[PDB]
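For the sequence shown, PDB author numbering assigns the number 1 to the initial residue and increments by one for each residue that follows.
See below for the structure under consideration.
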Amino acid sequence: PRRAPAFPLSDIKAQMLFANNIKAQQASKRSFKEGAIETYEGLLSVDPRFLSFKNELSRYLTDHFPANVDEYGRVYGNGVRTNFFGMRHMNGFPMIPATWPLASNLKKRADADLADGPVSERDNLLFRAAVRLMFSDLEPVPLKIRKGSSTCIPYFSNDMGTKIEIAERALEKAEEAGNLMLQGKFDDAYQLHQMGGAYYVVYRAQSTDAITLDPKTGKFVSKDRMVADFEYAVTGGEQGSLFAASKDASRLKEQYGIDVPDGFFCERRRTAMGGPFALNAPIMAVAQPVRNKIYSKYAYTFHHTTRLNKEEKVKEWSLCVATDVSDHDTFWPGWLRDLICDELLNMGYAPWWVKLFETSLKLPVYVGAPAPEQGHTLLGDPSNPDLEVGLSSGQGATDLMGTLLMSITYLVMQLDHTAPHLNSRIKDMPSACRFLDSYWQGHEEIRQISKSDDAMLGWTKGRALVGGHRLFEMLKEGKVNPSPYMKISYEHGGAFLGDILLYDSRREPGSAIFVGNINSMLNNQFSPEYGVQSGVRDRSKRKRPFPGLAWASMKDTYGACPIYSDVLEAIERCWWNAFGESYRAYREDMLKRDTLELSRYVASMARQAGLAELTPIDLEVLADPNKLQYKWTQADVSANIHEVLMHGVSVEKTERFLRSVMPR
Ligand SMILES: [Mg+2]
């Protein structure tokens with residue numbers, strides 16, 4: 001059922017993805033790379049004292065603070081959901097091999113018994129109403145670009161000036177490029193305007209992953225992560241194999257001379273993709289206004305800031321169901337891309353723009369280096385984009401694509417299992433739009449708070465409440481999938497956007513509180529995804545610009561965890577044992593140094609201004625801007641801080657572009 005074409009790097013089709021410059025050529029050829037990360041300035045992730053610390057701390061905390069999660073996956077008591085062994089990884093050393101990305105998810109979806117389109121006309125109206133509400137009366141804003149981000153295919157530039165020029169040129173030529181694609185001239189659109197080509201596959205670390213201690217043997221066991229070989233990926237699973245990657249770290253002693261303590265493993269590696277910037281720029285120019293609309297008009301469902309902001313909504317509910325989605329991005333349906341595109345056309349969106357958007361979700365993928373002596377292969381033909389990878393992580397609107405799919409999926413689940421009395425309100429497009437507009441503002445007896453694959457579903461008092469409890473029971477039993485669209489289950493230890501919903505003895509939302517996840521504090525402080533990048537002089541371009549700043553926001557972020565004080569004391573005691581130093585004093589020094597360094601980047605900040613005007617969100621984001629790509633948005637960050645991390649194309653150029661895309 002159609003194998004995807006594959007081209008080696010030597011092939012002209014793969015060569016055309018890389019411009020005639022050192023950076024692009026190095027990206028094409030980059031071999032498998034691994035090595036210890038610089039966790040903090042002058043500290044490697046594999047430092048024997050650091051690993052000794054992780055061994056003592058993970059064992060102590062698991063022993064003294066076992067998980068408090070009930071039969072229904074509700075967190076209570078200590079606010080702990082699993083053991084603390086997740087920190088036991090040799091950061092910077094990946095599992096081998098990493099997965100080859102699936103070229104087609106059609107078989108994957110069919111085999112999981114998931115629908116190949118909207119099941120009913122009601123569902124079709126609801127998905128289409130989501131498009132109408134999300135993409136209608138948008139306001140133009142500057143096109144914001146992350147500083148130090150790559151333009152990927154074909155230039156691989158990290159220079160802001162070059163990136164601004166590429167983005168402005170893309171907005172000027174998007175119409176001509178989209179019209180060429182409408183004629184089936186994909187090679188012309190790419191050759192002339194760099195719109196097309198492929199996604200560039202980067203493998204990112206998921207620094208912490210499940211590890212258990214087998215009581216029978218006293219040996220640690222790492223969670224098996226299934227990977228697809230090349231044959232499996234190209235055939236959509238028809239041929240080839242799906243097998244457990246090797247997380248065994250014993251190899252590091254032989255290969256690198258690194259002492260590996262017992263129960264330490266190689267990190268989970270996830271596929272991530274970088275989009276061709278010229279194609280993403282016209283998409284981002286529409287995506288940002290869409291986010292501004294949904295986070296303002298539909299703030300109830302979509303705009304999530306603090307633990308208290310989430311708590312205020314959830315406390316009003318009689319039932320709160322914390323859902324889990326299996327492998328969201330790989331299962332994301334291509335029929336939804338086509339439905340969205342068809343609906344945008346119906347709304348009066350420029351057909352050339354819709355074509356660029358459609359093409360961004362069918363694009364070939366260039367596989368770099370999943371393992372030593374593997375990769376350097378283009379999957380799919382750029383002359384006719386026809387892949388079904390699901391949702392590409394570097395597509396200009398991935399957050400919105402996952403949010404659109406999931407918000408409707410959850411609403412459909414509430415309608416099907418709890419609220420058949422609301423079906424009469426969804427008769428046609430105008431009534432579907434009115435209903436959805438009301439539901440998204442939190443005006444119905446059925447409610448939700450969601451972001452991509454994370455959500456909490458709510459029921460107030462009323463007719464749907466009894467159904468709500470049956471649905472929760474069906475999820476606990478876990479024998480029947482409640483959705484025809486995605487694989488849905490309940491979360492083992494219900495949390496929403498990093499905050500754990502801590503229930504008391506009553507196990508009711510009205511007396512439950514949102515608290516910071518103490519395990520995430522440990523993940524962020526002792527298992528960062530990236531090194532400090534001490535060699536990158538411009539800190540705003542680093543993956544972790546100001547790591548020291550996270551110490552200042554720690555009490556605000558995690559202070560509400562029942563075991564906060566206990567964890568900090570355990571850290572202090574273990575760090576003294578391992579380094580013969582005070583961890584608290586070490587972090588206070590790093591905080592001071594990073595605070596001083598920050599003023600160099602903020603125009604409004606004098607030589608030694610201090611953190612006085614900054615919010616806890618500002619500080620968490622400056623230590624980890626990745627939180628701005630999954631947890632928060634632009635409006636949540638102080639304006640002067642957002643400027644440290646992002647730069648924009650003028651609203652004059654985007655305003656003109658937006659006028660040409662949008663209906664009449
Ligand atoms: Mg969740």
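Beta carbons: idealized from backbone N, C-alpha and C, even for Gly.
In three-state terms, what does DSSP make of residue i?
{"i": "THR460", "result": "coil"}
{"i": "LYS33", "result": "coil"}
{"i": "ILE571", "result": "helix"}
{"i": "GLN448", "result": "strand"}
{"i": "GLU388", "result": "strand"}
{"i": "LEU502", "result": "strand"}
{"i": "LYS216", "result": "coil"}
{"i": "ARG269", "result": "strand"}
{"i": "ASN68", "result": "coil"}
{"i": "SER553", "result": "helix"}
{"i": "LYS144", "result": "strand"}
{"i": "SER45", "result": "coil"}
Using a threshold of 7 Å, is the CB atom of residue i nearer than that to any non-hydrogen atom of ligand 1?
{"i": "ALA350", "result": "no"}
{"i": "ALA170", "result": "no"}
{"i": "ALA285", "result": "no"}
{"i": "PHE514", "result": "no"}
{"i": "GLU311", "result": "no"}
{"i": "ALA322", "result": "yes"}
{"i": "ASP454", "result": "yes"}
{"i": "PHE302", "result": "no"}
{"i": "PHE496", "result": "yes"}
{"i": "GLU231", "result": "no"}
{"i": "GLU358", "result": "no"}
{"i": "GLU491", "result": "yes"}
Return the CA-CA distance between residue i and residue j, expressed in angstroms with no decimal places.
{"i": "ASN124", "j": "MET401", "result": "16 Å"}
{"i": "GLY196", "j": "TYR190", "result": "5 Å"}
{"i": "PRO364", "j": "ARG542", "result": "28 Å"}
{"i": "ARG607", "j": "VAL367", "result": "46 Å"}
{"i": "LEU106", "j": "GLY117", "result": "11 Å"}
{"i": "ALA244", "j": "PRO616", "result": "39 Å"}
{"i": "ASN21", "j": "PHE65", "result": "54 Å"}
{"i": "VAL260", "j": "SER136", "result": "56 Å"}
{"i": "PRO1", "j": "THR398", "result": "27 Å"}
{"i": "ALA228", "j": "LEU102", "result": "8 Å"}
{"i": "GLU597", "j": "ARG3", "result": "53 Å"}
{"i": "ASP327", "j": "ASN384", "result": "27 Å"}
{"i": "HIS642", "j": "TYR60", "result": "39 Å"}
{"i": "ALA281", "j": "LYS185", "result": "20 Å"}
{"i": "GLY35", "j": "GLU175", "result": "44 Å"}
{"i": "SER599", "j": "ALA609", "result": "7 Å"}
{"i": "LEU387", "j": "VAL651", "result": "34 Å"}
{"i": "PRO482", "j": "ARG470", "result": "11 Å"}
{"i": "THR359", "j": "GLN15", "result": "20 Å"}
Exposed or buried, what is residue i when buried is set at 16 or more other beta-carbons lying within 10 Å of its beta-carbon?
{"i": "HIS304", "result": "buried"}
{"i": "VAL466", "result": "exposed"}
{"i": "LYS13", "result": "buried"}
{"i": "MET226", "result": "exposed"}
{"i": "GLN255", "result": "exposed"}
{"i": "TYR630", "result": "exposed"}
{"i": "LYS147", "result": "buried"}
{"i": "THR217", "result": "exposed"}
{"i": "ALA170", "result": "buried"}
{"i": "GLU373", "result": "exposed"}
{"i": "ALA464", "result": "buried"}
In chain order, what residues of the same chain lie with their CB nearer than 8 Å to the CB of residue i, ignoring the 5 residues before and after it?
{"i": "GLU491", "result": "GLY73, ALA322, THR323, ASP324"}
{"i": "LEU138", "result": "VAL286, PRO289, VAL290, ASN292, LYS293, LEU658, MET662"}
{"i": "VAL480", "result": "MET474"}
{"i": "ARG587", "result": "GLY548, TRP551"}
{"i": "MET429", "result": "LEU125, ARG128, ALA129, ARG132"}
{"i": "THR403", "result": "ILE294, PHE302, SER450, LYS451, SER452"}
{"i": "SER534", "result": "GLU38, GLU41"}
Sorted by chain position, which residues of the same chain lie with C-beta nearer than 7 Å to residue i's C-beta, five sequence neighbours on each side aside?
{"i": "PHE526", "result": "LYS54, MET87"}
{"i": "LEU436", "result": "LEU126, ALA129, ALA130, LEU133"}
{"i": "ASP454", "result": "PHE496, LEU497"}
{"i": "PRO333", "result": "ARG109"}
Who are the near neighbours of residue i in its chain, counting only those whose CB is closer than 6 Å to its CB and skipping five residues on each side?
{"i": "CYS574", "result": "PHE53, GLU56, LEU57"}
{"i": "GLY468", "result": "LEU319, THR418, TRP459"}
{"i": "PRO5", "result": "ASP381"}
{"i": "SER222", "result": "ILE211, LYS247, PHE265"}
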